[PDB]
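Enquirer: There's a structure below that I have some questions on.
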Amino acid sequence: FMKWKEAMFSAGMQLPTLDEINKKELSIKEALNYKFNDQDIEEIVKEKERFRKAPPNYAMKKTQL
Amino acid sequence: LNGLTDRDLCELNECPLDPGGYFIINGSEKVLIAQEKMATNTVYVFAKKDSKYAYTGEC
């Protein structure tokens, strides 16, 4: 913590504000309990399968067909 | 599953012993019973006695 404070003071970047941190920490909280009602599951599965190879594992017959 | 290997049949949660040849309507396995009738284009001859005709040829 002291090292980060010294680095910030040396770089000149103004340290964040306490109220800023307090209002930003709620972002993760409200995003965790976000209902997946929109059409994001499709994009999620697409981005996953983009890198996840197909054969694995119980869908070999489906892939062959 | 037209001529598919037992491997793929098992991978697809099916067995190679299933005779198949049955429809799947609304999730239920439907099978058609073979109905029989009189052969068409053939001339039969009957002698119905409880009528006014002695003999009758049907086609």
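The listed protein sequences correspond, in order, to chains W and R. Position one of the first sequence corresponds to residue 1 (our numbering), numbered consecutively onward. Position one of the second sequence corresponds to residue 101 (our numbering), numbered consecutively onward. Virtual Cβ for every residue (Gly too), placed ideally from N, Cα, C.
1. Would you say residue 34 of chain W faces chain R, with C-beta separation under 8 Å as the test?
2. Can you pull the chain R neighbours of residue 61 of chain W, defined as C-beta to C-beta under 7 Å?
3. How many angstroms separate the CA atom of residue 38 of chain W from the CA atom of residue 29 of chain W?
4. Is DSSP giving residue 128 of chain R helix, strand or coil here?
Expert: Taking the definition as stated:
1. no
2. 108, 111 and 112
3. 19 Å
4. strand
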